[PDB]
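Step one of this worksheet: look at the structure below.
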Amino acid sequence: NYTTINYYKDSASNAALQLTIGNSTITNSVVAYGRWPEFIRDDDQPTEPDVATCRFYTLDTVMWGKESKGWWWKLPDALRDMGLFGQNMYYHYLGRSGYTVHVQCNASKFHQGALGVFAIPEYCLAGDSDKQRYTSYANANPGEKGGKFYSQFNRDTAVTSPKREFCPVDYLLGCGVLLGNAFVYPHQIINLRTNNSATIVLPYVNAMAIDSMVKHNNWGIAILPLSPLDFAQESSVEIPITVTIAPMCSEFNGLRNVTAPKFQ
Amino acid sequence: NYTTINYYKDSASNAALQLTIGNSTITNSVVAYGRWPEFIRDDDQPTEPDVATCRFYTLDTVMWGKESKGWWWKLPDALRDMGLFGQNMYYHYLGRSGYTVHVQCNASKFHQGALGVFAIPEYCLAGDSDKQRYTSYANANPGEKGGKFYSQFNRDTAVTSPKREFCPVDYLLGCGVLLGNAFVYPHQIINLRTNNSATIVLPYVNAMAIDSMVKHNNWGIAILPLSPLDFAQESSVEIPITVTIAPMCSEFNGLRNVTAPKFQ
Amino acid sequence: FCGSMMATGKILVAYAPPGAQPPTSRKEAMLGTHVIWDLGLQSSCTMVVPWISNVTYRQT
């Protein structure tokens with residue numbers, strides 16, 4: 001074989017069913033990257049509410065019709081005002097947690113339509129102005145209500161009082177990539193002719209073992225209608241969509257006074 | 001010996017230094033009844049914040065002078081608005097906890113005076129009107145501020161708008177018993193010529209293993225000047241007194257929506 | 001503490017991790033890490049601020 005000896009001392013120089021959680025119960029699931037949520041490994045005492053925070057919280061129901069273009073949420077932003085989980089978030093400097101997301105949508109055998117649910121790590125969205133990275137904290141953290149997609153890019157032509165809001169586009173996924181490839185991310189498809197619910201399990205993903213839960217969002221959830229809703233020969237159709245999220249294996253550290261962000 | 005046979009089947013018929021807790025540190029102690037706080041024995045999953053609730057909270061400082069007659073507080077009432085302990089109290093139907101009470105009062109070698117600190121189980125106080133047991137919930141749960149004693153009984157002669165307030169008397173301990181016997185309860189004496197602080201450890205005491213923390217107070221703390229304060233030949237003297245309380249081995253159960261009492 | 005032997009008092013020294021409003025009162029400060037120091041018994045106090053961070057290294 002060919003001979004090789006490394007000269008320098010540095011390595012760089014070298015040549016190259018029912019699910020019950022806590023006091024909540026909901027009656028196949030998808031695990032992101034095949035990794036179940038877990039606590040920090042062996043390699044300041046953390047606080048861990050075993051059941052006061054690891055349970056299912058239900059968000060506000062939304063309506064799906066013939067003109068809906070999609071919805072998106074950010075985690076852990078969406079759960080900032082849910083029981084003691086939010087209190088622990090705002091009373092500590094460092095936090096960590098995984099999630100279990102459950103999407104519910106029921107219809108009849110005479111309806112038709114398909115929804116795509118995508119879980120995206122580090123889901124960064126585009127703005128609505130010539131200025132770059134000018135979106136504000138308040139607009140980037142809607143909370144429980146979340147946001148919506150659009151079919152076109154509407155530039156905010158107002159220099160007097162810029163809105164500083166996102167302008168996602170459905171077929172660009174709001175980030176400049178084609179929607180067809182979004183299936184690279186963890187995903188589920190709800191087809192009304194086969195099923196009525198979707199489930200995803202998300203572990204903690206980040207470049208650090210633990211990070212602030214207030215200034216950084218680890219996950220994004222996007223729901224988009226792949227096929228339009230229809231029902232018999234009716235002009236208008238509307239059905240509800242519900243989202244339920246459960247924290248799992250949550251840890252907090254850095255206890256001090258409480259944080260009170262200015263949301264408008 | 002005398003002969004005896006029981007006839008009936010029923011038994012009744014038968015003839016007869018630095019202390020660190022959580023993220024808090026304070027630099028001899030008294031244990032009430034020689035019983036350290038402990039969790040419920042083996043004989044609905046309880047929630048137990050190991051460190052988010054078991055730590056020292058400091059109340060508002062009070063002033064001791066030449067005319068002060070005493071102060072009193074109720075537990076767990078005094079800690080209803082302290083961090084996550086209050087949130088757990090108001091988010092659960094049943095609660096249990098022990099306490100560690102630390103009283104601080106510092107002076108000089110030229111001062112003189114003595115304070116008596118008493119921990120009383122089921123500390124029931126008397127009213128201020130001819131009507132019996134007519135005191136209101138708001139007046140019976142002052143909270144952090146607490147209440148004060150008096151040297152005489154001032155009847156509330158107002159039928160139009162009764163105050164419905166307690167009228168404790170110093171030498172009657174506010175309950176119709178002589179103060180000299182209050183040493184039957186767990187107690188400490190702070191004499192300015194020997195020490196400057198007092199410490200008591202209180203276990204959970206009640207007729208039930210667990211009970212509501214909102215409608216029932218398990219402990220009362222009473223501080224009374226056994227000897228008047230004096231300093232050299234000065235007419236007026238005032239010194240601060242501080243109280244710090246740490247919950248210990250706290251359990252909660254019965255999670256539902258939050259309770260919001262009407263305090264005035 | 002460089003006072004006289006006849007002086008007495010107590011102090012609270014607090015450290016607060018980042019993320020929230022800087023403390024402006026004792027009530028806010030006592031919620032973070034803190035130490036209580038008695039001048040009369042001891043003329044010197046020591047407080048250890050531990051390493052708590054999201055990144056493994058911090059910039060200078």
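By order of appearance in the structure tokens: chains A, B, ..., then residues from 1 within every chain, and ligands from 1 in the order shown.
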Just want the 9 Å neighbourhood of residue C:53, counted on only C-alpha atoms, with same-chain residues fewer than 4 positions away dropped. Output as a PyMOL selection string.
(chain A and resi 93-94+210-211) or (chain C and resi 17+57-58)
Select all residues from chain A having any atom no more than 10 Å from an atom of chain C (counting only C-alpha atoms, ignoring ligands), output as a list in words.
residues 44, 90, 91, 92, 93, 94, 95, 207, 208, 209, 210, 211, 212, 213, 214, 215, 253, 254, 255, 256, 257, 258, 259, 260 and 261 of chain A
Only N, CA, C and O atoms, please: the residues just picked out, written as a short mmCIF file (atom, residue, chain, number, x, y, z; two decimals), in the first residue's frame.
data_model
loop_
_atom_site.label_atom_id
_atom_site.label_comp_id
_atom_site.auth_asym_id
_atom_site.auth_seq_id
_atom_site.Cartn_x
_atom_site.Cartn_y
_atom_site.Cartn_z
N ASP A 44 -24.85 23.04 39.53
CA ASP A 44 -26.20 23.56 39.35
C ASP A 44 -27.19 22.41 39.13
O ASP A 44 -27.10 21.69 38.14
N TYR A 90 -40.09 30.93 32.04
CA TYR A 90 -39.79 32.33 32.35
C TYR A 90 -39.10 32.52 33.69
O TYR A 90 -38.67 33.63 33.99
N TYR A 91 -38.98 31.47 34.51
CA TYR A 91 -38.26 31.54 35.77
C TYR A 91 -36.86 30.96 35.68
O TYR A 91 -36.14 30.96 36.69
N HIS A 92 -36.44 30.47 34.52
CA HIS A 92 -35.14 29.85 34.35
C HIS A 92 -34.46 30.40 33.11
O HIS A 92 -35.11 30.85 32.17
N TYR A 93 -33.12 30.36 33.13
CA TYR A 93 -32.32 30.86 32.02
C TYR A 93 -32.07 29.81 30.94
O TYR A 93 -31.90 30.17 29.77
N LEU A 94 -32.06 28.53 31.31
CA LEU A 94 -31.79 27.45 30.37
C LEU A 94 -32.89 26.41 30.45
O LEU A 94 -33.34 26.05 31.55
N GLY A 95 -33.32 25.91 29.29
CA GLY A 95 -34.37 24.91 29.24
C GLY A 95 -34.14 23.92 28.11
O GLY A 95 -33.42 24.20 27.15
N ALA A 207 -27.54 22.54 18.52
CA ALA A 207 -26.09 22.45 18.56
C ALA A 207 -25.54 22.45 19.98
O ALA A 207 -24.33 22.23 20.16
N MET A 208 -26.38 22.68 20.98
CA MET A 208 -25.98 22.70 22.37
C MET A 208 -26.87 21.77 23.17
O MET A 208 -28.03 21.54 22.82
N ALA A 209 -26.32 21.23 24.26
CA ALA A 209 -27.09 20.32 25.10
C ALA A 209 -28.29 21.02 25.73
O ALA A 209 -29.33 20.39 25.93
N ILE A 210 -28.16 22.31 26.03
CA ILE A 210 -29.24 23.07 26.64
C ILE A 210 -29.09 24.52 26.20
O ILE A 210 -27.98 25.02 26.00
N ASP A 211 -30.23 25.20 26.04
CA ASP A 211 -30.24 26.56 25.52
C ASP A 211 -31.48 27.28 26.04
O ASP A 211 -32.42 26.66 26.54
N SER A 212 -31.46 28.60 25.90
CA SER A 212 -32.58 29.42 26.34
C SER A 212 -33.83 29.10 25.52
O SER A 212 -33.76 28.88 24.31
N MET A 213 -34.97 29.07 26.20
CA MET A 213 -36.26 28.79 25.57
C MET A 213 -37.02 30.05 25.18
O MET A 213 -38.11 29.94 24.61
N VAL A 214 -36.48 31.23 25.46
CA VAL A 214 -37.19 32.48 25.23
C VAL A 214 -36.73 33.17 23.95
O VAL A 214 -37.56 33.71 23.21
N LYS A 215 -35.43 33.15 23.67
CA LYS A 215 -34.88 33.82 22.50
C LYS A 215 -34.61 32.88 21.34
O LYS A 215 -34.15 33.34 20.28
N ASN A 253 -32.90 25.05 34.24
CA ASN A 253 -31.79 25.43 35.11
C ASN A 253 -31.58 26.93 35.02
O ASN A 253 -31.96 27.57 34.04
N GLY A 254 -30.97 27.48 36.07
CA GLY A 254 -30.70 28.91 36.12
C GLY A 254 -31.85 29.71 36.70
O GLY A 254 -32.38 30.61 36.04
N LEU A 255 -32.23 29.40 37.93
CA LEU A 255 -33.38 30.04 38.56
C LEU A 255 -33.03 31.46 39.01
O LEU A 255 -32.05 31.67 39.73
N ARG A 256 -33.84 32.42 38.58
CA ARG A 256 -33.74 33.80 39.05
C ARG A 256 -35.12 34.43 38.96
O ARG A 256 -36.13 33.72 38.84
N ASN A 257 -35.18 35.75 39.01
CA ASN A 257 -36.45 36.45 38.88
C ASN A 257 -37.09 36.13 37.53
O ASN A 257 -36.47 35.58 36.62
N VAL A 258 -38.37 36.49 37.41
CA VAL A 258 -39.18 36.08 36.27
C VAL A 258 -38.95 37.02 35.10
O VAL A 258 -38.71 38.22 35.27
N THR A 259 -39.03 36.47 33.89
CA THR A 259 -38.88 37.23 32.66
C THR A 259 -40.25 37.57 32.08
O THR A 259 -41.14 36.71 32.03
N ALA A 260 -40.41 38.82 31.66
CA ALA A 260 -41.68 39.33 31.15
C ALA A 260 -41.45 40.01 29.80
O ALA A 260 -41.26 41.23 29.74
N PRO A 261 -41.46 39.25 28.71
CA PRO A 261 -41.30 39.87 27.39
C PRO A 261 -42.46 40.78 27.05
O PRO A 261 -43.59 40.60 27.52
#
With a cut-off of 9 Å and counting only C-alpha atoms, select all residues of chain A in contact with chain B and give the selection as a PDB file with C-alpha atoms, in the first residue's frame.
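The resulting part_6.pdb:
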ATOM      1  CA  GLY A  22     -49.379  12.374  32.941  1.00  0.00           C
ATOM      2  CA  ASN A  23     -53.046  13.158  33.574  1.00  0.00           C
ATOM      3  CA  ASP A  44     -26.204  23.555  39.350  1.00  0.00           C
ATOM      4  CA  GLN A  45     -29.073  21.151  39.999  1.00  0.00           C
ATOM      5  CA  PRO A  46     -31.639  21.073  37.157  1.00  0.00           C
ATOM      6  CA  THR A  47     -35.348  21.253  37.932  1.00  0.00           C
ATOM      7  CA  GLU A  48     -37.674  18.692  36.342  1.00  0.00           C
ATOM      8  CA  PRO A  49     -41.460  18.718  36.804  1.00  0.00           C
ATOM      9  CA  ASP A  50     -42.186  15.075  36.028  1.00  0.00           C
ATOM     10  CA  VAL A  51     -45.944  15.475  35.521  1.00  0.00           C
ATOM     11  CA  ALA A  52     -46.763  19.145  36.215  1.00  0.00           C
ATOM     12  CA  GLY A  83     -49.763  25.970  32.934  1.00  0.00           C
ATOM     13  CA  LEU A  84     -46.505  25.602  34.835  1.00  0.00           C
ATOM     14  CA  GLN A  87     -43.721  29.563  34.444  1.00  0.00           C
ATOM     15  CA  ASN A  88     -40.674  27.286  34.420  1.00  0.00           C
ATOM     16  CA  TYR A  91     -38.258  31.544  35.766  1.00  0.00           C
ATOM     17  CA  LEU A 255     -33.380  30.044  38.562  1.00  0.00           C
TER      18      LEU A 255
END
